[PDB]
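Enquirer: Pasting a structure below so you can have a look.
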Amino acid sequence: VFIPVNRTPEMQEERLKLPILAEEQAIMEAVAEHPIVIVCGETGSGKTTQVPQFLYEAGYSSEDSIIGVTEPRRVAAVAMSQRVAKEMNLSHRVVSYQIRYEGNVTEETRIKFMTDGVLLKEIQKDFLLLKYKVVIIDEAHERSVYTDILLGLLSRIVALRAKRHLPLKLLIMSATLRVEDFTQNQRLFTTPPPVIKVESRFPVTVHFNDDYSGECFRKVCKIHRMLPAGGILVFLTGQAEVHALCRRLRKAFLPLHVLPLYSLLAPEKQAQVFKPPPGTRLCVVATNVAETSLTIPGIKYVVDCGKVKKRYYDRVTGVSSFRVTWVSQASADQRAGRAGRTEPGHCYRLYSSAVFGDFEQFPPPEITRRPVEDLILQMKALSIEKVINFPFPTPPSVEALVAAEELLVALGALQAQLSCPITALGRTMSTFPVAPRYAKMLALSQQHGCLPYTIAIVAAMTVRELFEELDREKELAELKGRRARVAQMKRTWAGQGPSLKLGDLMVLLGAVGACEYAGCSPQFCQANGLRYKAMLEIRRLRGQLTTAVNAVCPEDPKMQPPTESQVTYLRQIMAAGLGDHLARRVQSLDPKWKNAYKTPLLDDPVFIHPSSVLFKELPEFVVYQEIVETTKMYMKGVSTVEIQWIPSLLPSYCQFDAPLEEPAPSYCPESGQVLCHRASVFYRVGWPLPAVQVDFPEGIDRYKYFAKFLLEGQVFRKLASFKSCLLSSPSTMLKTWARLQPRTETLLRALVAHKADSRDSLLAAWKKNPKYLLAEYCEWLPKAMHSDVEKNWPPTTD
RNA sequence: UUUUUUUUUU
């Protein structure tokens with residue numbers, strides 16, 4: 001049971017400062033008595049660090065059974081692993097972190113810190129989480145997509161483990177007080193788990209009072225002249241406000257060190273905030289990064305916009321947009337908490353006391369605001385067929401769940417309309433750590449040696465804000481030259497000719513290749529307008545994407561430039577990934593459509609993005625990565641599609657009239673199926689598409705054509721020897737002068753009975769009984785031949 | 001056709 005730690009005297013006093021220590025036996029008694037415990041403790045409560053220690057003291061860690069702790073951030077995983085390992089007297093062999101592309105875990109590991117996504121991937125490998133006896137899910141109040149999928153899954157895992165008489169304990173740790181979606185949720189936890197509230201210790205003063213930027217300049221002005229020396233933090237909506245206020249404040253200046261903070265800021269400039277100020281007071285203009293991501297020790301006065309920037313996905317169109325709205329009360333309070341963490345602090349809210357009540361208490365969960373295809377593909381891999389049966393803490397919209405299954409079926413991830421389970425292709429995609437669209441690109445890309453190219457493109461698309469912003473006399477020319485420098489570079493990476501057809505996606509590839517060519521130089525990144533932090537993240541992601549692919553397909557990471565054929569094959573892999581994102585140029589009217597494109601998903605005209613390399617080229621068909629609305633509805637991530645590609649690449653999105661007699665249907669040896677040329681038209685828009693070789697539609701005519709090719713020996717080459725001796729032509733399966741011939745019906749009926757319209761279908765039928773078509777096939781040969789046929793009847797080897 | 005990303009987990 002009990003396990004020692006050997007506390008050092010100096011860390012003892014610190015540890016005793018935190019409040020949760022008093023309630024240790026209370027939390028440990030709850031954990032023993034209940035299967036699931038919810039621990040609610042504000043920042044500084046020390047719950048995250050100490051609760052794994054308590055359970056370690058109670059002996060939950062063991063050989064097969066360890067304590068796990070899941071976190072939203074990578075940083076919080078590693079940092080927490082280190083702090084606990086030092087707060088206890090234990091090696092990082094015992095207390096470890098696992099994050100995306102780094103590791104710390106050993107058989108010695110008894111407390112494991114991890115990101116929520118890492119736990120999900122373990123749930124894929126073993127759904128029972130046998131290697132865990134306790135799982136702690138921390139920062140549940142953040143309600144990230146992975147916390148939600150984890151909480152719903154673990155309720156089932158806890159149940160499955162319990163009936164196996166191997167109890168798994170789940171502890172849910174929340175900084176905020178409200179857990180209604182957990183306690184009141186009948187589907188998630190049939191019995192409301194006990195809720196433990198831990199108080200913690202530096203009070204925050206809140207002051208209530210068109211453009212939030214102006215008042216903030218005033219507030220920062222008024223505070224600074226008036227109040228004692230202490231850190232100033234201002235929350236602003238976006239980067240340009242941050243820069244507008246910093247330059248404005250620098251112009252304004254007794255002491256003041258002005259530092260702008262935003263997530264994409266260069267890590268060097270970022271770091272300036274934490275270090276204390278050089279007769280100069282600290283005032284930092286920041287986005288939400290200061291609210292959670294960064295903790296600034298010297299801050300004593302915060303000024304609050306009252307406004308957040310968020311990204312909204314339109315379900316009908318699929319389109320994304322960036323809008324500014326009122327903060328949540330919890331976001332408003334948490335921003336205030338930043339003010340007074342190591343001294344009494346001041347929060348001045350630029351909204352009225354009345355406005356604060358108008359705020360939505362809790363921000364909407366991140367799952368409801370975005371496509372959920374990645375999760376459902378994960379859920380389908382765990383055999384969760386009925387998505388609505390899943391116990392979402394907050395369920396996503398119906399249209400969101402229906403859209404996802406439509407996309408995942410369209411990629412081939414989910415089979416077949418009564419149900420759609422994961423496919424073999426869908427199962428291997430589930431392993432890849434990227435969105436299922438790019439996941440299919442990866443699975444599709446295992447050919448022509450462009451796999452590292454596609455891995456690089458996908459990695460460059462998955463990363464956010466690849467290119468440095470560089471926006472908003474002699475100083476303007478320095479900045480303006482940089483833009484022309486980066487634009488010229490973007491064009492240089494994307495060649496002219498077939499290379500330019502890959503467009504923006506080629507520009508990402510050429511950016512990744514050029515960066516790796518210079519050994520990912522920070523000098524190179526600043527020279528060519530690439531972002532250094534993003535480029536490193538690109539490199540790490542390519543590594544993890546390359547290792548994952550090797551698991552699926554047994555077979556030099558930093559690459560060499562592609563040949564023209566490779567670039568066009570890259571175009572086809574990308575178009576197949578982005579099938580739902582196809583636009584056609586308009587030619588015929590309204591002045592709004594002069595250079596526009598039309599996409600079936602939305603009525604409005606869409607345009608190539610002005611910074612895109614395909615902007616002036618304006619090809620007739622493109623696939624876009626995403627559509628973002630600002631002033632117009634713009635296509636970003638654009639690549640060219642050759643119109644004839646569409647039916648062979650995106651057959652699910654097309655509608656074919658009838659199979660064509662000219663050219664006549666053929667048999668495909670690789671597929672094992674009947675092919676035919678079919679004319680097609682895109683589903684909602686009505687775009688005419690040429691006739692191309694496509695699989696023959698399922699139907700009674702398909703069986704006839706397959707039966708013809710089988711008798712000719714094309715389907716199975718063992719039967720090909722007999723083709724000379726057949727009594728009537730194989731052609732009589734389609735049409736015959738001998739109407740009363742029974743030969744053709746008997747073969748066709750037997751084929752229908754076993755749904756044998758393909759090599760794989762018939763080969764399957766021969767497993768269930770290997771003499772399946774023997775009688776019927778013999779009907780087509782003279783009797784003397786029958787015995788030799790039966791002797792080698794399976795016309796398949798193996 | 002003319003560029004206006006908040007924040008983060010595999």
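Using ideal geometry, Cβ is built from the backbone for each residue, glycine included, and neighbour counts are taken over all protein chains shown. All of this is worked out from the model, or read from it or from the source named; none is laboratory data.
Enquirer: Restricting attention to region A:271-298, which residues are within 16 Å of RNA strand B (Cβ to nearest atom), closer than 21 Å to A:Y212 by Cβ and not in a loop (DSSP other than H, G, I, E, B)?
Expert: Answer for region A:271-298, where residues must be within 16 Å of RNA strand B (Cβ to nearest atom), closer than 21 Å to A:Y212 by Cβ and not in a loop (DSSP other than H, G, I, E, B): A:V284, A:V285, A:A286, A:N288, A:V289, A:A290.
Enquirer: Turning to a different aspect of this structure: Quick one: in region A:471-491, which of the residues that are surrounded by 13 or more Cβ atoms within 10 Å (Cβ to Cβ) and not basic (K, R) is nearest to RNA strand B (Cβ to nearest atom)? So that I can check it myself, show each step before the final result.
Expert: The first filter runs over region A:471-491 and keeps only residues surrounded by 13 or more Cβ atoms within 10 Å (Cβ to Cβ), leaving A:482-483, A:485-487, A:489-491.
Still in the running and not basic (K, R): A:486-487, A:489.
Numbers: A:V486: 10, A:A487: 8, A:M489: 14 Å.
Per the criteria, the residue is A:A487.
Enquirer: Hey, can you tell me all the residues within region A:268-309 that are touching a helix residue (DSSP H, G or I) at 6+ places or on another chain (Cβ under 7 Å) and of a type in the set (D, E, K, R)?
Expert: Scanning region A:268-309 gives A:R281, A:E291, A:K300, A:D304, A:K307.
Enquirer: Do any helices (runs of 4 or more DSSP H) entirely within region A:364-447 hold 1 or more residues that are within 15 Å of RNA strand B (Cβ to nearest atom) and farther than 29 Å from A:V567 by Cβ, and if so, which? Please lay out each step first, then the result.
Expert: Numbers: elements: A:373-381, A:398-410, A:424-431, A:436-444.
In region A:364-447, A:373-381, A:398-410, A:424-431 are the helices (runs of 4 or more DSSP H) which contain 1 or more residues that are within 15 Å of RNA strand B (Cβ to nearest atom) and farther than 29 Å from A:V567 by Cβ.
Enquirer: Here's another thing I want to ask about it. Taking region A:486-511 on its own, how many of its residues are closer than 24 Å to A:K533 by Cβ and either touching a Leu at 6+ places or on another chain (Cβ under 9 Å) or assigned by TED's automatic domain parsing to the domain that holds A:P619 (or both)?
Expert: In the first step, residues of region A:486-511 are kept if they are closer than 24 Å to A:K533 by Cβ; the result is A:486-490, A:492-494, A:504-511.
Keeping just the survivors that are either touching a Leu at 6+ places or on another chain (Cβ under 9 Å) or assigned by TED's automatic domain parsing to the domain that holds A:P619 (or both) gives A:486, A:489, A:493-494, A:504-506, A:508-509, A:511.
Selection size over region A:486-511: 10.
Enquirer: Are any residues in region A:141-159 on the phi < 0 side of the Ramachandran plot and within 12 Å of RNA strand B (Cβ to nearest atom), and if so, which ones? Don't jump to the end; show me each part of the working.
Expert: Initial filter on region A:141-159 (on the phi < 0 side of the Ramachandran plot): A:141-142, A:144-159.
Once the filter is applied, which keeps residues that are on the phi < 0 side of the Ramachandran plot and within 12 Å of RNA strand B (Cβ to nearest atom), region A:141-159 yields A:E142, A:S144, A:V145, A:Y146, A:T147, A:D148, A:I149, A:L150.
Enquirer: Which one is nearest to RNA strand B (Cβ to nearest atom), of the residues in region A:222-251 that are surrounded by fewer than 13 Cβ atoms within 10 Å (Cβ to Cβ) and in a helix (DSSP H, G or I)?
Expert: Here the residue is A:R250.
Enquirer: Tell me which residues, restricted to region A:1-11, are assigned to a helix (DSSP H, G or I) and exposed (fewer than 10 other Cβ atoms within 10 Å of the Cβ).
Expert: Restricting attention to region A:1-11, the residues satisfying the condition of being assigned to a helix (DSSP H, G or I) are A:9-11.
Answer for region A:1-11, where residues must be assigned to a helix (DSSP H, G or I) and exposed (fewer than 10 other Cβ atoms within 10 Å of the Cβ): A:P9, A:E10.
Enquirer: Continuing with this model, one more query. Looking only at residues that are among the aliphatic types (A, V, I, L, M) and in contact with a strand residue (DSSP E or B) (Cβ under 9 Å, 6 or more places away or on another chain) in region A:579-611, which one is nearest to RNA strand B (Cβ to nearest atom)?
Expert: To start, the set of residues in region A:579-611 that are among the aliphatic types (A, V, I, L, M) comprises A:582-583, A:586, A:589, A:596, A:601-602, A:606, A:608.
Still in the list and also in contact with a strand residue (DSSP E or B) (Cβ under 9 Å, 6 or more places away or on another chain): A:582-583, A:586, A:596, A:601-602, A:606, A:608.
On the way: A:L582: 17, A:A583: 12, A:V586: 11, A:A596: 8, A:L601: 19, A:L602: 16, A:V606: 10, A:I608: 5 Å.
Here the answer is A:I608.
Enquirer: When A:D211 is evaluated against the numbered criteria (1) touching a strand residue (DSSP E or B) at 6+ places or on another chain (Cβ under 6 Å); (2) under 25 Å from A:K307 (Cβ atoms), which criterion, by number, is the only one it fails?
Expert: (1)
Enquirer: Right, A:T205: β-branched (V, I, T), at negative phi and surrounded by 17 or more Cβ atoms within 10 Å (Cβ to Cβ) or not? Quick ask: steps written out before the conclusion?
Expert: Details: β-branched (V, I, T): yes; at negative phi: yes; surrounded by 17 or more Cβ atoms within 10 Å (Cβ to Cβ): no.
Against the criterion (β-branched (V, I, T), at negative phi and surrounded by 17 or more Cβ atoms within 10 Å (Cβ to Cβ)), A:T205 does not qualify.
Enquirer: Something else about it: Does any residue of region A:31-53 turn out to be more than 17 Å from A:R110 (Cα to Cα) and within 16 Å of RNA strand B (Cβ to nearest atom)?
Expert: Scanning region A:31-53, I find at least one residue that is more than 17 Å from A:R110 (Cα to Cα) and within 16 Å of RNA strand B (Cβ to nearest atom), so the answer is yes.
Enquirer: Continuing with this model, one more query. Going by the conditions given, is A:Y351 away from RNA strand B (no atom under 15 Å from the Cβ), in a loop (DSSP other than H, G, I, E, B) and buried (at least 18 other Cβ atoms within 10 Å of the Cβ)?
Expert: yes
Enquirer: Still on this structure, I have one more. Considering A:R338, A:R311, which residue is within 15 Å of RNA strand B (Cβ to nearest atom), part of a strand (DSSP E or B), under 34 Å from the mean Cα position of the chain (by Cα) and in the same structural domain as A:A240 (by TED's automatic domain parsing)?
Expert: Numbers: A:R338 fails: part of a strand (DSSP E or B).
Of the residues listed, the single one that is within 15 Å of RNA strand B (Cβ to nearest atom), part of a strand (DSSP E or B), under 34 Å from the mean Cα position of the chain (by Cα) and in the same structural domain as A:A240 (by TED's automatic domain parsing) is A:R311.
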